[PDB]
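File shown here: start30.cif, holding mmCIF, C-alpha atoms.
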```cif
data_data
#
loop_
_atom_site.label_atom_id
_atom_site.label_comp_id
_atom_site.auth_asym_id
_atom_site.auth_seq_id
_atom_site.Cartn_x
_atom_site.Cartn_y
_atom_site.Cartn_z
CA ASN A 224 -31.43 -56.88 22.55
CA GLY A 225 -27.75 -57.78 22.21
CA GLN A 226 -27.01 -55.14 19.56
CA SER A 227 -25.32 -51.74 19.86
CA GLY A 228 -26.35 -50.70 16.35
CA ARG A 229 -29.55 -48.89 15.44
CA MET A 230 -32.13 -48.95 12.65
CA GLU A 231 -33.87 -45.67 11.77
CA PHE A 232 -36.98 -46.28 9.66
CA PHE A 233 -38.78 -43.64 7.58
CA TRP A 234 -42.14 -43.57 5.82
CA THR A 235 -44.07 -41.53 3.28
CA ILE A 236 -47.48 -41.63 1.61
CA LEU A 237 -47.02 -42.13 -2.14
CA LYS A 238 -49.98 -40.69 -4.03
CA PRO A 239 -51.16 -42.34 -7.27
CA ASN A 240 -48.99 -41.76 -10.38
CA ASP A 241 -46.23 -40.34 -8.16
CA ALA A 242 -42.78 -41.93 -8.09
CA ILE A 243 -40.45 -42.56 -5.15
CA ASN A 244 -36.73 -42.69 -5.93
CA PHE A 245 -33.92 -44.22 -3.87
CA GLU A 246 -30.21 -43.52 -4.28
CA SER A 247 -27.81 -45.05 -1.77
CA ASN A 248 -24.19 -46.21 -1.75
CA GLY A 249 -24.49 -48.00 1.60
CA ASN A 250 -26.41 -48.49 4.84
CA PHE A 251 -29.63 -48.88 2.82
CA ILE A 252 -32.55 -50.83 4.29
CA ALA A 253 -34.37 -51.16 0.98
CA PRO A 254 -38.16 -51.65 0.92
CA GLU A 255 -39.64 -54.92 -0.31
CA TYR A 256 -43.33 -54.87 0.66
CA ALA A 257 -45.48 -51.73 0.77
CA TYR A 258 -49.08 -51.17 1.88
CA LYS A 259 -52.09 -50.00 -0.13
CA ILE A 260 -54.77 -47.97 1.66
CA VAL A 261 -57.72 -49.79 0.10
CA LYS A 262 -60.34 -48.53 2.58
CA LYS A 263 -60.43 -45.43 4.79
CA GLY A 264 -62.86 -45.00 7.64
CA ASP A 265 -63.42 -44.23 11.31
CA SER A 266 -60.93 -46.30 13.32
CA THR A 267 -58.76 -45.89 16.40
CA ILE A 268 -55.77 -47.41 18.20
CA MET A 269 -57.08 -48.70 21.53
CA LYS A 270 -54.64 -49.34 24.39
CA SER A 271 -55.83 -52.37 26.36
CA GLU A 272 -54.56 -55.67 27.75
CA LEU A 273 -57.70 -57.65 26.85
CA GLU A 274 -58.17 -59.94 23.85
CA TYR A 275 -60.94 -61.27 21.61
CA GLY A 276 -64.18 -62.35 23.25
CA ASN A 277 -65.96 -63.81 20.20
CA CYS A 278 -68.91 -61.45 20.60
CA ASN A 279 -70.52 -58.45 18.92
CA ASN B 113 -51.27 -4.54 8.49
CA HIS B 114 -48.76 -3.03 6.05
CA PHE B 115 -45.41 -3.83 4.43
CA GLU B 116 -42.93 -1.57 2.65
CA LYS B 117 -40.67 -3.22 0.09
CA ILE B 118 -37.03 -2.08 0.13
CA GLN B 119 -34.00 -3.16 -1.89
CA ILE B 120 -31.39 -4.64 0.45
CA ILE B 121 -29.26 -6.38 -2.19
CA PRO B 122 -29.39 -4.85 -5.69
CA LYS B 123 -29.41 -7.30 -8.58
CA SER B 124 -26.57 -5.38 -10.28
CA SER B 125 -24.13 -5.77 -7.37
CA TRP B 126 -23.38 -9.42 -8.27
CA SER B 127 -20.29 -8.70 -10.35
CA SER B 128 -18.47 -12.00 -9.78
CA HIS B 129 -21.53 -14.15 -10.57
CA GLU B 130 -24.25 -14.41 -13.21
CA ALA B 131 -27.47 -12.85 -11.92
CA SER B 132 -29.61 -12.49 -15.08
CA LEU B 133 -29.70 -16.14 -16.23
CA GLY B 134 -31.67 -17.62 -13.33
CA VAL B 135 -34.90 -18.40 -15.20
CA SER B 136 -36.92 -21.52 -15.90
CA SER B 137 -40.04 -22.57 -17.79
CA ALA B 138 -41.81 -23.42 -14.51
CA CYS B 139 -42.31 -19.69 -13.77
CA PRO B 140 -43.50 -18.09 -17.02
CA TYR B 141 -44.20 -14.39 -17.42
CA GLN B 142 -45.81 -13.18 -20.67
CA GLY B 143 -44.42 -16.20 -22.52
CA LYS B 144 -40.84 -15.89 -21.25
CA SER B 145 -38.99 -17.88 -18.60
CA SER B 146 -38.75 -15.96 -15.33
CA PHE B 147 -38.30 -16.46 -11.58
CA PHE B 148 -39.44 -15.02 -8.26
CA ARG B 149 -39.01 -11.25 -8.39
CA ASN B 150 -37.94 -10.73 -4.76
CA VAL B 151 -34.96 -13.13 -4.94
CA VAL B 152 -32.12 -13.67 -7.42
CA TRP B 153 -31.01 -17.04 -8.81
CA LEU B 154 -27.24 -16.65 -9.09
CA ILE B 155 -25.41 -18.73 -11.71
CA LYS B 156 -21.71 -19.44 -12.17
CA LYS B 157 -19.82 -16.94 -14.34
CA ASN B 158 -17.01 -18.06 -16.68
CA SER B 159 -17.21 -21.58 -15.19
CA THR B 160 -16.31 -20.15 -11.75
CA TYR B 161 -18.45 -19.53 -8.66
CA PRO B 162 -16.35 -17.50 -6.21
CA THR B 163 -17.30 -17.70 -2.55
CA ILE B 164 -19.94 -15.08 -1.75
CA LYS B 165 -19.54 -12.84 1.32
CA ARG B 166 -22.37 -10.30 1.50
CA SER B 167 -23.84 -8.56 4.55
CA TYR B 168 -26.74 -6.18 5.14
CA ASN B 169 -27.16 -4.02 8.24
CA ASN B 170 -30.74 -3.02 9.06
CA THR B 171 -30.34 0.77 9.16
CA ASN B 172 -34.13 1.12 9.40
CA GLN B 173 -36.21 1.62 12.54
CA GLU B 174 -38.51 -1.37 11.93
CA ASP B 175 -38.42 -5.16 11.83
CA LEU B 176 -37.23 -6.51 8.48
CA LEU B 177 -38.50 -9.65 6.75
CA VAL B 178 -35.75 -11.27 4.67
CA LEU B 179 -36.46 -14.14 2.27
CA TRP B 180 -33.77 -16.35 0.73
CA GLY B 181 -33.54 -19.93 -0.45
CA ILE B 182 -31.49 -22.89 -1.63
CA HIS B 183 -31.81 -24.77 -4.93
CA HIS B 184 -31.68 -28.56 -4.73
CA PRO B 185 -30.48 -29.93 -8.11
CA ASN B 186 -31.41 -33.26 -9.68
CA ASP B 187 -27.97 -34.88 -10.01
CA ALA B 188 -24.25 -34.18 -9.76
CA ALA B 189 -24.08 -33.22 -13.45
CA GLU B 190 -26.52 -30.33 -13.01
CA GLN B 191 -24.61 -29.05 -9.96
CA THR B 192 -21.41 -28.71 -12.00
CA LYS B 193 -23.43 -27.26 -14.89
CA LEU B 194 -24.79 -24.42 -12.72
CA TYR B 195 -22.27 -23.80 -9.92
CA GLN B 196 -19.13 -25.87 -10.75
CA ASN B 197 -18.61 -26.82 -7.09
CA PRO B 198 -19.47 -30.45 -6.24
CA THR B 199 -20.06 -29.68 -2.54
CA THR B 200 -21.65 -26.36 -1.58
CA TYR B 201 -23.21 -24.64 1.41
CA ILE B 202 -25.19 -21.56 2.40
CA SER B 203 -24.38 -20.06 5.81
CA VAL B 204 -26.69 -17.35 7.18
CA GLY B 205 -26.22 -15.54 10.47
CA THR B 206 -27.70 -12.83 12.68
CA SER B 207 -27.69 -12.12 16.43
CA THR B 208 -30.01 -15.12 16.90
CA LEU B 209 -29.92 -16.94 13.55
CA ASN B 210 -27.24 -19.61 13.02
CA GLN B 211 -27.92 -21.59 9.84
CA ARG B 212 -25.93 -23.71 7.38
CA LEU B 213 -27.86 -25.24 4.48
CA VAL B 214 -26.50 -28.16 2.45
CA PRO B 215 -28.15 -28.97 -0.92
CA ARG B 216 -29.86 -32.37 -1.05
CA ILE B 217 -29.44 -34.16 -4.39
CA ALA B 218 -32.12 -36.75 -5.13
CA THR B 219 -34.15 -38.02 -8.07
CA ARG B 220 -37.66 -36.58 -7.86
CA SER B 221 -40.82 -36.61 -9.94
CA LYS B 222 -41.36 -33.57 -12.13
CA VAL B 223 -43.64 -30.89 -10.67
CA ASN B 224 -44.60 -28.00 -12.97
CA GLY B 225 -42.07 -29.30 -15.49
CA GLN B 226 -39.10 -29.37 -13.09
CA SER B 227 -37.56 -32.04 -10.89
CA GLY B 228 -35.44 -29.66 -8.81
CA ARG B 229 -36.60 -27.97 -5.63
CA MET B 230 -36.50 -24.44 -4.22
CA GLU B 231 -36.43 -24.49 -0.41
CA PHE B 232 -36.95 -20.99 0.97
CA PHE B 233 -36.08 -19.66 4.42
CA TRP B 234 -36.71 -16.45 6.35
CA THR B 235 -35.92 -14.55 9.53
CA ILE B 236 -36.94 -11.35 11.31
CA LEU B 237 -34.08 -8.84 11.23
CA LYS B 238 -34.33 -6.51 14.22
CA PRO B 239 -33.12 -2.89 13.93
CA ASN B 240 -29.33 -2.42 14.15
CA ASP B 241 -28.93 -6.16 13.46
CA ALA B 242 -27.01 -7.45 10.44
CA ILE B 243 -27.51 -10.60 8.36
CA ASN B 244 -24.51 -12.26 6.71
CA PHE B 245 -24.68 -14.57 3.69
CA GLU B 246 -21.82 -16.89 2.73
CA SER B 247 -22.30 -19.39 -0.08
CA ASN B 248 -20.32 -21.02 -2.90
CA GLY B 249 -23.32 -22.24 -4.91
CA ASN B 250 -27.04 -23.04 -4.92
CA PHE B 251 -27.74 -19.59 -3.41
CA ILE B 252 -31.09 -17.92 -4.09
CA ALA B 253 -29.87 -14.47 -3.12
CA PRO B 254 -32.45 -11.98 -1.78
CA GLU B 255 -33.07 -8.72 -3.59
CA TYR B 256 -36.09 -7.19 -1.82
CA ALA B 257 -36.99 -7.35 1.87
CA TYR B 258 -40.17 -6.35 3.68
CA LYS B 259 -40.38 -3.60 6.30
CA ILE B 260 -43.07 -4.11 8.94
CA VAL B 261 -44.39 -0.54 8.97
CA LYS B 262 -47.69 -1.07 10.80
CA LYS B 263 -48.67 -3.88 13.17
CA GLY B 264 -52.16 -4.56 14.47
CA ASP B 265 -55.08 -6.97 14.49
CA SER B 266 -55.49 -9.02 11.31
CA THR B 267 -56.01 -12.59 10.14
CA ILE B 268 -55.64 -14.90 7.14
CA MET B 269 -59.21 -15.71 6.10
CA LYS B 270 -59.83 -18.78 3.92
CA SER B 271 -62.63 -17.96 1.48
CA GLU B 272 -63.43 -18.32 -2.21
CA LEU B 273 -65.24 -14.96 -2.28
CA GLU B 274 -63.72 -11.77 -3.65
CA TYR B 275 -64.18 -8.02 -3.25
CA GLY B 276 -67.74 -6.74 -3.05
CA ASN B 277 -67.18 -2.97 -2.83
CA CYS B 278 -68.83 -2.55 0.56
CA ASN B 279 -68.10 -1.42 4.11
CA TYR C 168 -19.37 -42.74 31.65
CA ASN C 169 -21.60 -45.39 33.21
CA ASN C 170 -24.52 -44.33 35.43
CA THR C 171 -23.68 -46.52 38.41
CA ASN C 172 -26.01 -44.34 40.52
CA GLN C 173 -29.57 -45.39 41.33
CA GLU C 174 -31.27 -42.15 40.22
CA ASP C 175 -31.83 -40.47 36.87
CA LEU C 176 -28.89 -38.36 35.70
CA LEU C 177 -29.29 -35.10 33.76
CA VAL C 178 -26.15 -34.71 31.63
CA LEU C 179 -25.35 -31.45 29.84
CA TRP C 180 -22.86 -30.84 27.03
CA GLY C 181 -22.46 -28.50 24.07
CA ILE C 182 -20.82 -27.60 20.78
CA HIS C 183 -18.92 -24.50 19.65
CA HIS C 184 -19.78 -22.72 16.41
CA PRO C 185 -16.77 -20.57 15.43
CA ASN C 186 -16.75 -17.43 13.29
CA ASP C 187 -14.60 -18.58 10.35
CA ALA C 188 -12.33 -21.39 9.20
CA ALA C 189 -9.32 -19.50 10.60
CA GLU C 190 -10.64 -19.74 14.17
CA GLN C 191 -11.49 -23.42 13.64
CA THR C 192 -7.83 -24.19 12.93
CA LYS C 193 -6.77 -21.64 15.56
CA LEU C 194 -8.65 -23.46 18.34
CA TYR C 195 -8.90 -27.09 17.15
CA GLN C 196 -6.56 -27.44 14.11
CA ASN C 197 -9.08 -29.74 12.39
CA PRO C 198 -11.24 -28.06 9.71
CA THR C 199 -13.92 -30.79 9.63
CA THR C 200 -15.02 -31.96 13.09
CA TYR C 201 -17.91 -33.80 14.70
CA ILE C 202 -19.38 -34.70 18.09
CA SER C 203 -21.10 -38.08 18.45
CA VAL C 204 -23.14 -38.86 21.57
CA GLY C 205 -24.74 -42.24 22.13
CA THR C 206 -26.90 -43.84 24.83
CA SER C 207 -29.38 -46.71 24.92
CA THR C 208 -31.88 -44.26 23.37
CA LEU C 209 -29.82 -41.35 21.98
CA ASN C 210 -28.03 -41.34 18.62
CA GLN C 211 -26.77 -37.83 17.86
CA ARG C 212 -23.99 -36.42 15.68
CA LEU C 213 -23.28 -32.69 15.81
CA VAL C 214 -21.31 -30.80 13.15
CA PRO C 215 -20.19 -27.19 13.75
CA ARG C 216 -21.79 -24.51 11.58
CA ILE C 217 -19.44 -21.73 10.46
CA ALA C 218 -21.09 -18.40 9.66
CA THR C 219 -20.60 -14.67 10.17
CA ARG C 220 -22.89 -13.46 12.96
CA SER C 221 -23.63 -10.28 14.88
CA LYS C 222 -21.83 -9.72 18.17
CA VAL C 223 -23.73 -10.60 21.35
#
```
What is this file in structure tokens?
Amino acid sequence: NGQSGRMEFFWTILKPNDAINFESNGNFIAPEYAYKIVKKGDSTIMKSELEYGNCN
Amino acid sequence: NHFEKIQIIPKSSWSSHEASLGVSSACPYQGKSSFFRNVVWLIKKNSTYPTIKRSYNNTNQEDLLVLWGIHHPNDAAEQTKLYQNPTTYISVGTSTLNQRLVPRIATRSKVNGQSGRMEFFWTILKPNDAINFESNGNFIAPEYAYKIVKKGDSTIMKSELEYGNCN
Amino acid sequence: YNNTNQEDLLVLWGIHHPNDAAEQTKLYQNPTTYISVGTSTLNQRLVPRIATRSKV
């Protein structure tokens, strides 16, 4: 995509009342927006080329 | 099915380093600060931590289980407070093992009253094989190893029950 | 090296782990060394590990 550099992204699950600490003197891709897991349930990642059909 | 604990590195052989000050409140024993009994937390002596070069040759006839570890401090100040060397390493080697551990310094939430971490490692030392430890700090030196004196069929069963005095 | 060929290329390389710092200077004269390999997908940096090991 016109770039020889690379971005290596990492993730972790931060449990309630736990703290995540960052110390960096360079090359830091600092987080801005996180995600809250407000509802857990039975889901899946389906691999298909189709799109919405406005049905049930 | 059975282990046999042997002393591979005596606690009193650490002349150049402090071996009896590696305790913390996180591991109490009868109201006193203590540590894991099968490893030794070495501390700098007289503000110096000379490079460690210790080796053990498995003169036994059985496979040997050796446990050691590395201590990850909280900040640069604690590293100088305990080992006096800003950059340290632990190199471990056998016929197959080739390992070099570098302490990772990061701010972490307190767990059991401590923010530091103890990362432990292991290897199987075959007979007539020797394990070599070189470290200039952050070394959790082994004291006792485990001899595998009887192999067989067993398992690790997850249950809340306890002994019932039955056959 | 550029894979001007039309087929997939399996490339092999390696790193040397010496016995002590004396051999490192004896063979390469540089105490701290590295090996960086990069492709469109690979981003690897190897650092030699110096330790005392049994003879094989």
Given the PyMOL selection byres ((chain B) within 8 of (chain A)) and the file above, list the residues it selects as an mmCIF file with C-alpha atoms, keeping the file's coordinate frame.
```
data_model
loop_
_atom_site.group_PDB
_atom_site.id
_atom_site.type_symbol
_atom_site.label_atom_id
_atom_site.label_comp_id
_atom_site.auth_asym_id
_atom_site.auth_seq_id
_atom_site.Cartn_x
_atom_site.Cartn_y
_atom_site.Cartn_z
ATOM 1 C CA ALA B 218 -32.120 -36.750 -5.130
ATOM 2 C CA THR B 219 -34.150 -38.020 -8.070
ATOM 3 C CA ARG B 220 -37.660 -36.580 -7.860
ATOM 4 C CA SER B 221 -40.820 -36.610 -9.940
#
```
Explicit residue set for the PyMOL selection byres ((chain C) within 12 of (chain A)), as a ChimeraX atom specification: /C:205-211
Writing out the chosen residues with C-alpha atoms as an mmCIF file, in the coordinates of the input:
```
data_model
loop_
_atom_site.group_PDB
_atom_site.id
_atom_site.type_symbol
_atom_site.label_atom_id
_atom_site.label_comp_id
_atom_site.auth_asym_id
_atom_site.auth_seq_id
_atom_site.Cartn_x
_atom_site.Cartn_y
_atom_site.Cartn_z
ATOM 1 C CA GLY C 205 -24.740 -42.240 22.130
ATOM 2 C CA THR C 206 -26.900 -43.840 24.830
ATOM 3 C CA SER C 207 -29.380 -46.710 24.920
ATOM 4 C CA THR C 208 -31.880 -44.260 23.370
ATOM 5 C CA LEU C 209 -29.820 -41.350 21.980
ATOM 6 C CA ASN C 210 -28.030 -41.340 18.620
ATOM 7 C CA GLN C 211 -26.770 -37.830 17.860
#
```
Out of B:253, B:202, B:223, B:273, which residue has the shortest atom-to-atom distance to chain C when counting all atoms listed in the file? B:202
Could you work out which residues of chain C fall inside 6 Å of chain B? Count only C-alpha atoms, and format the result as JSON, numbers by chain. {"C": [216, 218, 219, 220, 221]}
Target residues per the PyMOL selection byres ((chain C and resi 186-194) around 7), formatted as an MDAnalysis selection string: chainID C and resid 184:185 195:198 217:219
Figure out the distance between atom CA of residue 180 of chain C and atom CA of residue 201 of chain C, please, to one decimal in Å.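 Taking atom CA of residue 201 of chain C as the start and atom CA of residue 180 of chain C as the end point, the length is 13.6 Å.
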